[PDB]
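Participant: got an experimental structure here, sequence first:
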Amino acid sequence: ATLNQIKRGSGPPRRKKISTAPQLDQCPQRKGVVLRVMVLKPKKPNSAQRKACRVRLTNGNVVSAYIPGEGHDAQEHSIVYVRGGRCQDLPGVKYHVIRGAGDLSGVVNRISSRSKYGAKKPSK
Amino acid sequence: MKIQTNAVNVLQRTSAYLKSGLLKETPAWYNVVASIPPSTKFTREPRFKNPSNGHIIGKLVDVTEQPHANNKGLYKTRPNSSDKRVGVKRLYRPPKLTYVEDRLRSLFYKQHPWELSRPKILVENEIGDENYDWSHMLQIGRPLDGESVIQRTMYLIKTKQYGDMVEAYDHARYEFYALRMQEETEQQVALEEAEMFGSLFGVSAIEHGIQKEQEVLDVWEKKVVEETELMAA
Amino acid sequence: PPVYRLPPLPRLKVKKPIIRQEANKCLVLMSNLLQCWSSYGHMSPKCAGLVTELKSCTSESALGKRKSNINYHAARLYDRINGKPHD
Amino acid sequence: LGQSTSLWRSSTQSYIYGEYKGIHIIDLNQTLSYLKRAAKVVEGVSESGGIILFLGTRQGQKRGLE
Amino acid sequence: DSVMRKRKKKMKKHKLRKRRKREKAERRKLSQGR
Amino acid sequence: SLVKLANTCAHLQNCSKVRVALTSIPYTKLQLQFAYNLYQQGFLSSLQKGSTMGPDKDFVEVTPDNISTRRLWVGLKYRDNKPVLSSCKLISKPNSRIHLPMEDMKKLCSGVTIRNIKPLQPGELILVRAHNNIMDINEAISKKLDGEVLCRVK
RNA sequence: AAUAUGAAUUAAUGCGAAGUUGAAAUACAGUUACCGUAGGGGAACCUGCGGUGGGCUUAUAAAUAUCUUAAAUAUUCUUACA
RNA sequence: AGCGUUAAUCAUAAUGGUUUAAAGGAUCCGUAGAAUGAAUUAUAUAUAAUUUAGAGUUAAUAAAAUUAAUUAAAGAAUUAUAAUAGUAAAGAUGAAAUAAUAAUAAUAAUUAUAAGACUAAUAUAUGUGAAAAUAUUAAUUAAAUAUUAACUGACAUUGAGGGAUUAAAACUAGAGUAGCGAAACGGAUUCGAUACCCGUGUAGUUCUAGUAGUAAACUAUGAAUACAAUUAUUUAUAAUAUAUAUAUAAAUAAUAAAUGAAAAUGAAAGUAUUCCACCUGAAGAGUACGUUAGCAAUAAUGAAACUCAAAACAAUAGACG
Ligand SMILES: [Mg+2]
Ligand SMILES: [Mg+2]
Ligand SMILES: [Mg+2]
Ligand SMILES: [Mg+2]
Ligand SMILES: [Mg+2]
Ligand SMILES: [Mg+2]
Ligand SMILES: [Mg+2]
Ligand SMILES: [Mg+2]
Ligand SMILES: [Mg+2]
Ligand SMILES: [Mg+2]
Ligand SMILES: [Mg+2]
Ligand SMILES: [Mg+2]
Ligand SMILES: [Mg+2]
Ligand SMILES: [Mg+2]
Ligand SMILES: [Mg+2]
Ligand SMILES: [Mg+2]
Ligand SMILES: [Mg+2]
Ligand SMILES: [Mg+2]
Ligand SMILES: [Mg+2]
Ligand SMILES: [Mg+2]
Ligand SMILES: [Mg+2]
Ligand SMILES: [Mg+2]
Ligand SMILES: [Mg+2]
Ligand SMILES: [Mg+2]
Ligand SMILES: [Mg+2]
Ligand SMILES: [Mg+2]
Ligand SMILES: [Mg+2]
Ligand SMILES: [Mg+2]
Ligand SMILES: [Mg+2]
Ligand SMILES: [Mg+2]
Ligand SMILES: [Mg+2]
Ligand SMILES: [Mg+2]
Ligand SMILES: [Mg+2]
Ligand SMILES: [Mg+2]
Ligand SMILES: [Mg+2]
């Protein structure tokens, strides 16, 4: 904190980002292939059965991706696109399968927030 | 204790209130306080003379002001260690008042222990009203004591009848002694006269003392007997 | 001599106000009797009056007869008597 | 006659004349001027019809205060 | 560090010491001749 | 020197805090100039040469015989239970000494932060050294002197 | 030569799950706790040696006290007296 | 005529801190510093000539006998052996036992030898030392305080790297080994007792020569300079007319102000200036890998992934012991 010390490398610490999604490799989505599809127990104390999956991305690295919505159509080989969200209650899963695209179909009978899932406009 | 802003800024705080309309009516004191402002300047002021002696506080004796040789015959050619230290605390700390008379007083009561036994009233009568010519010792409002002697000594010193202080002191002492002897003779002869003309004193001083001792002795005796009994058991 | 100034205390007060009362007469008599019965065998008539005196003492109750307020002056005068510097 | 040499609030330094007999002695010309100033303000509030309140918790002070 | 916080550090240090004690023969084997 | 100047400023601040009336300072030329500038702006009540022990009544010439014991006595100033000389922060510190051109000084005067100096305030005084002569920053601008921005009093 | 990836087997560590064994720490935590270090023990830990307080400043009595006009005088006094 | 979302960028607190929350290096010494650093005048931040206030040098006069290293002494006790006389228990513990205890004659007592290792009071670690440290005595050599006189003339401060010293434990040699005492074995305790208690008691503790360079190496507070309001204690210095009341310093204890998250700091944690060290959420981690050094234990250097919205301090009021 002396003037000399400041000159030879000292100052306020600066943080930009540590990247929330490192395996995604600085891009919005990556295509992947599901390996297995699980049902995870959440962290204490909120409880459910979370429909996560394991996905090998095109870049190579493997990732535990969450699957949102009520109903999920995902096998052991389905084409699936991954984005950089985070399932907060499940530890060690830092990704979401984006749901309109790929073999993952749009969530059925969705009325609210349709673009957040795959749901098309019902068209009367 | 921090210097309080809020004890002296009273009228300002009320003036603000009056301006606002928090106060509808002005206080009785408001105009008076405006007329006669507080000090509000709580400084440490420096002092340059000792008032009792008349010594100078602020000044420093220089090397050029001391040309002649010192004790042990060395000429001062440099400032010493104390002449470089910044003596500001002396300007601010209040002066110890010293008098030549205090030493004389101390001497007198050493020489005359039994003058202490003469009781002294310290409750002052009007100090401005008095007007003592110390040509003589016996002043009217003042009694005869060591103080009067000392005042006489000081007067002699001032007038330069005795240039030396000690001689003046001795002279004052000798003046005092004669007066004291006269006082002593007065009382005894007055007592004799009283005895002659059939005056009757119920309790003499020595008799009083004996009586006083007697009560104490009686108190002691009962206690002492109890203590002896306790010791036995 | 070496003066000893205390720090600022919460409350100047004697820790325990022992009163220091005199020992009981009946107990003393009993001790004396015990001492006598040490000597002179079990119950010889050298301690004939002592036993009677003990009995007289311990007739109504086992003991015959059945506080120091120094806190008030210390408590009162602590704040004065301190050499605590000004506020 | 001020308090004592060891019981000195140095805030009051300007008022004191010197020390003597192990006692700070209050400058009395200063005392006089402050007294006059105080006396004048006392007179003023009495003239205006203000409520003057004399506060004196020490032992002997009561009668003179009343 | 409070004492409570220090106790975690102490525990860690103990574990490390234990690990070192365990892996003495293994460490020796690794060190000599390579 | 600039360290000395900083020390005297700190001493002034200390004296303002406790409300002393009359305060000693070291007897140098720069220091004297600074004191004179303060006096003229109106922060000091008095300024007078003197001994280490006190201010001098009569004139005493300063020589190698005196110089070590010589001192600059300075009267401080108070009004309505508030000291006049509140602060004495210096700007050109010994390690990062700053020297402005006339334009920069003008900008500072007109409410522009320059070289990380907060621009000068309503009742403030930024002193400026220019060819070993301390001035007000406004005075320096008027005369057009590129100078060292010394210090700041408020 | 340096760098990168792979390796049977293996170690540390994290997260979840609250199972088992003790009960080491927090109060004098029921052997004061911790630092360094050494040896021992299923596991927390135990023991030696010096250090530290972030534990004991948490500190609070062997007791005795005096004489001058007690009043026709002090006690009363409302800008008087002098 | 986009709206969401993801991936990114910029802004969003250093107009910061490190006694107790992350953070003062164990300590000093001292090199570089493109770090900082007195006075006056004159030259066109520098040169030059003058100054002595910082920093030194040498005397003189007072004091002080402390800290190193080395050499030479003293002492209470302890254990062991032997003798004397003497009699059945002794020693231990919460209470008990086991044991080189005791009917081979002990323990206690009195003597007499030897051996190591420790240093009761004074003692406050006051003080002294850079810090580790340092109180039985003496000697030697080294270093040390204050004030005067004279001299030097800014020669200073701090100090990356570097260097030296650095408790206890540990290690390598060679002596030494009374007492204590990791480990080990045995006796208790306990449901169990790899413990707390007791008994044998080896390394170790001791010295000589080294290695190593860490500790709650702590005032958990880097060094230096200038400055600021009081009181009480001692200590030393000077004057006073040797024992008085005074002027100085120095330390210690209470505070004012000020600072502070508060606890509290109090001539510093205040006001300022200079220089160095160090910190930037918690876990993972002072770990791994690598390198250097070491006889070794290890010491220094010192990452990342993975995972959380935690984690920490001062103080408050309870409950609890
Ligand atoms: Mg929704
Ligand atoms: Mg919709
Ligand atoms: Mg910390
Ligand atoms: Mg190779
Ligand atoms: Mg493998
Ligand atoms: Mg159990
Ligand atoms: Mg324990
Ligand atoms: Mg206990
Ligand atoms: Mg426990
Ligand atoms: Mg315990
Ligand atoms: Mg236990
Ligand atoms: Mg063990
Ligand atoms: Mg221990
Ligand atoms: Mg505790
Ligand atoms: Mg405590
Ligand atoms: Mg910024
Ligand atoms: Mg802080
Ligand atoms: Mg330190
Ligand atoms: Mg540290
Ligand atoms: Mg030091
Ligand atoms: Mg001793
Ligand atoms: Mg240095
Ligand atoms: Mg030690
Ligand atoms: Mg050793
Ligand atoms: Mg050995
Ligand atoms: Mg044992
Ligand atoms: Mg070495
Ligand atoms: Mg270590
Ligand atoms: Mg360390
Ligand atoms: Mg230590
Ligand atoms: Mg305060
Ligand atoms: Mg601050
Ligand atoms: Mg304090
Ligand atoms: Mg590496
Ligand atoms: Mg290491």
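Facilitator: Perfect, thanks for sending it. Numbers count the residues shown, from 1 in each chain, chains lettered A, B, ... in the order given. Ligands and ions are numbered 1, 2, ... in the order given.

Participant: residue 45: neighbour count?
Facilitator: You didn't pick a chain, so chain A it is. Neighbourhood size, residue A:45 [other CB atoms under 10 Å in any protein chain shown]: 6. In this view, the C-beta of every residue, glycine as well, is placed from N, C-alpha and C.

Participant: can you look at chain D instead?
Facilitator: 18.

Participant: SS state for it?
Facilitator: helix (DSSP: H, G, I helix; E, B strand; the rest coil).

Participant: can I assume it is in contact with residue B:35?
Facilitator: No. With contact defined as CB atoms under 8 Å, residue D:45 does not reach residue B:35; the gap is 11.2 Å.

Participant: minimum distance to RNA strand G, which residue of chain D gives it?
Facilitator: When scored by CB to the nearest atom of the strand, chain D has residue D:63 as its residue closest to RNA strand G, at 6.1 Å.

Participant: quick one, what contacts residue B:63?
Facilitator: Shown in contact with residue B:63 (CB atoms under 8 Å, 6 or more residues apart in numbering or on different chains): B:76-79, F:65-66.

Participant: one more pass at 10 Å, please.
Facilitator: Applying CB atoms under 10 Å, 6 or more residues apart in numbering or on different chains to residue B:63 gives the contacts B:75-80, B:83, F:63-66, F:68-69.

Participant: let's see if you can find the most crowded of these.
Facilitator: residue F:69 (23 neighbours).

Participant: work out the gap between the helix or strand hosting residue A:30 and the centre of the chain.
Facilitator: Using DSSP states H and E, residue A:30 sits within strand A:29-37. Taking CA atoms, centre = their mean, to the nearest Å, one finds the center of strand A:29-37 at 11 Å from the center of the full chain.

Participant: partners of whichever helix or strand comes after it, with directions?
Facilitator: Next along the chain after strand A:29-37, taking DSSP H and E as the criterion, comes strand A:52-57. Next to strand A:52-57 in the sheet, as set by DSSP bridges, lie strand A:29-37 (antiparallel), strand A:62-66 (antiparallel).

Participant: using the three-state scheme, assign residue F:148.
Facilitator: strand.

Participant: roughly how far does it sit from residue F:130?
Facilitator: 7 Å (CB to CB, to the nearest Å).

Participant: what is in contact with those two at once?
Facilitator: residue F:99.

Participant: dump the strands paired with strand A:52-57 to TSV, plus distance to residue F:6 and mean neighbour count.
Facilitator: Formatted as TSV, the strands paired with strand A:52-57 follow (distance: least, CB to CB, whole Å; neighbours: other CB atoms under 10 Å in any protein chain shown):
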stretch	distance to residue F:6	mean neighbour count
strand A:29-37	61	18
strand A:62-66	61	21
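
Participant: in CSV: these, plus distance to residue C:66.
Facilitator: As requested, the strands paired with strand A:52-57 are exported to CSV (distance: least, CB to CB, whole Å):
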stretch, distance to residue C:66
strand A:29-37, 91
strand A:62-66, 85
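
Participant: so which of these is nearest residue F:119?
Facilitator: Of all the strands paired with strand A:52-57, it is strand A:29-37 that lies closest to residue F:119, at 51.5 Å by CB to CB.

Participant: check whether stretch B:161-177 contacts RNA strand H.
Facilitator: No. Counting by CB under 7 Å from any atom of the strand, RNA strand H is not contacted by stretch B:161-177; separation bottoms out at 9.6 Å.

Participant: mind listing what's buried in that stretch?
Facilitator: Applying a neighbour-count criterion of 16 or more other CB atoms under 10 Å in any protein chain shown, one finds B:162, B:168-169, B:171-173, B:175-176 buried in stretch B:161-177.

Participant: just stretch B:22-30 next, same as before
Facilitator: For stretch B:22-30, by 16+ other CB under 10 Å, it's B:27-30.

Participant: closest to the centroid, which residue in the chain?
Facilitator: Chain wasn't specified; assuming chain A. With distances taken as CA atoms, centre = their mean, the residue of chain A nearest its centroid is residue A:95 (1.6 Å).

Participant: not what I meant, chain F
Facilitator: So for chain F, CA atoms, centre = their mean, it's residue F:34, sitting 3.7 Å from the centre.

Participant: which elements pack onto the longest helix along chain F?
Facilitator: Once chain F is assigned using DSSP state H, the helix that runs over the most residues is helix F:2-18. Helix F:2-18 sits against strand F:22-26, helix F:29-41, strand F:70-75, strand F:125-129, strand F:147-153, with contacts defined as 3 or more CB pairs under 10 Å, 6 or more residues apart in numbering or on different chains; DSSP states H and E.

Participant: quick check: residues of chain C near chain D?
Facilitator: For chain C, the residues in contact with chain D (CB under 10 Å from any CB of the partner chain) are C:83-87.

Participant: which one of the residues you listed has the most neighbours?
Facilitator: residue C:84 leads the residues of chain C next to chain D on contacts (other CB under 10 Å) with 13 neighbours.

Participant: and the residue of chain E closest to RNA strand H?
Facilitator: residue E:2 (3.3 Å).

Participant: tell me, how many residues neighbour that residue?
Facilitator: 6.

Participant: and it, how far from chain F?
Facilitator: 37 Å (CB to the nearest CB, to the nearest Å).

Participant: that residue and residue F:151: what is the separation?
Facilitator: Residue E:2 is 45 Å from residue F:151, by CB to CB.

Participant: residues in contact with the residue nearest to the centre of chain A?
Facilitator: A:20-21, A:23-24, A:30, A:32, A:52-53, A:55, A:57, A:63-66, A:82-87.

Participant: pretty sure residue C:13 sits in a strand.
Facilitator: No. The assignment for residue C:13 (three-state DSSP) gives coil, which keeps it out of a strand.

Participant: the closest residue to it other than its chain neighbours - how many residues pack around it?
Facilitator: In space, and not counting its chain neighbours, residue C:13 is closest to residue C:71: 5.0 Å by CB to CB, 6 or more residues apart in numbering or on different chains. Neighbourhood size, residue C:71 [other CB under 10 Å]: 14.
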